[PDB]
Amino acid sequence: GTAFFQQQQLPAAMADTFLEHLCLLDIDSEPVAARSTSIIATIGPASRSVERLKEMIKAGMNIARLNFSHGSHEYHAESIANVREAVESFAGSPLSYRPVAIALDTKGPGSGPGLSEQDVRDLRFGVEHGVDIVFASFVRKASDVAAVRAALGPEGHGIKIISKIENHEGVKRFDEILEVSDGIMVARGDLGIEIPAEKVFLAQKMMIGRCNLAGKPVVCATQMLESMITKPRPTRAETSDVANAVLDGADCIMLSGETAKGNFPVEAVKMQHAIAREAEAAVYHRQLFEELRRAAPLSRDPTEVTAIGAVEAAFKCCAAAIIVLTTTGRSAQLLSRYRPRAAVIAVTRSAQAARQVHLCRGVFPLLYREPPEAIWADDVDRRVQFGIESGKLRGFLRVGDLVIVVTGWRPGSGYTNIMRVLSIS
């Protein structure tokens, strides 16, 4: 229908130049797709109540950040328990349940150059409490990441390390830090004090570009909706900053004081949700996909080869979704790196992977709870059907839509190799 091609900035998406794409942007072209940039909300006094956390999950919070620069271990353990209680209150309806990751943000090393003794204790707390992600403060070189990895021990091998780049050295040694990290956070608060304030946008755009090229998650953080700590509506510069972080290519956007101590934590999450949806529809996919394809090197890994084939197939038919089965989240991450317009519905049995895939733009995790079928092919199908049924209930899919299904040839992680075109019935 003509109405379909007038929504989600589709006239602007057809444009032959980026300039014509901008000229075709329409404020009356409503967003259709689900919001794909994850929202990280920092947990504090304004956001610890189980009932308030349920409202934040419904507003769109995907990752709960625990800032270990404030509070004690006892305070953060209660935060974790309240988050888990609010999250599990929706587990009774498995088709609508929303996993929420728990990220520990470290205090950092201060005047010290190595891992501080408090960071070692906080990192061991994180492993003991089952955190999914570590936002490592003031990462300046690859050996800082190795020290964080060592302090997590053998039981914290699955935790994702997102390196916070907050000073000149971190920016200059970016490539070596990215290589050993799972992702990056553009920590603009300290970065804007360590380097001239007028240069932060260059560092943000450079880091987001490099992370997009590497296929690794990148978080844009600090003062995105600062005025919403005390005011019900943000400034024009604030909404523009959120939209531009999404247009830059950020996988995640963050709220600090806006959710930790402000008077409008739920409204701040709703605002980031609303802006991100508008900005994602305004992304010029024609140039973005072409450039991501061109820049990505050749690969002999079947997961990587299947992912590019699936993204290309999704664009060819305007697929509503790519449903992928994943153990560690890696197959969903490799789909996400090509920035499909189609939602990547990741079906997993790993509760940790379901939480961690929120770091990847456009990945919608579904935690499958059913016990395995005796016939492996029947177990793969029931999981694909669970992805379809959840997608229909959540509005991602409708009867008649085309979907791309990404699976593997045998059980266990690392064997994704099949892409299939499926019609929704």
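Quick note: we count residues from 1 along the sequence shown, nothing fancier. The term rigid core refers to the maximal set of C-alpha atoms that superpose within 1.5 Å between the two forms.
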| message | Rigid core superposition, C-alpha RMS per stretch in 9 other deposited structures of this protein: which comes out larger, 366-374 or 23-31? | response | 366-374
| request: Taking the root mean square of C-alpha distances over all structures and residues in 9 other deposited structures of this protein, with a rigid core superposition, name the larger of 94-102 and 197-205. | output: 94-102
| Mean CA B-factor: is it higher for 179-187 or for 116-124? | 116-124
| note | With B-factors read from the PDB entry, the higher C-alpha mean of 286-294 and 303-311 is in 286-294
| request: Among the candidates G362, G44, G395, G60, give the one with the maximum CA B-factor reported in the record. | output: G395
| query | Among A274, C211, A91, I165, where is the Cα temperature factor highest, going by the PDB entry? | reply | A91
| request: Grab the CA temperature factor for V380 from the record and place it in the lowest, middle or highest third of its chain. | output: middle
| request: Taking the chain's C-alpha temperature factors as the reference, tell me which third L95 falls into: lowest, middle or highest. | output: highest
| task | Name the third of the chain's ranked CA B-factors that contains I404, choosing lowest, middle or highest. | result | lowest
| query | Going by what the PDB entry lists, where does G108 fall on CA B-factor within its chain: lowest, middle or highest third? | reply | highest
| note | Among the modelled residues of its chain, the C-alpha B-factor of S143 falls in the third labelled highest
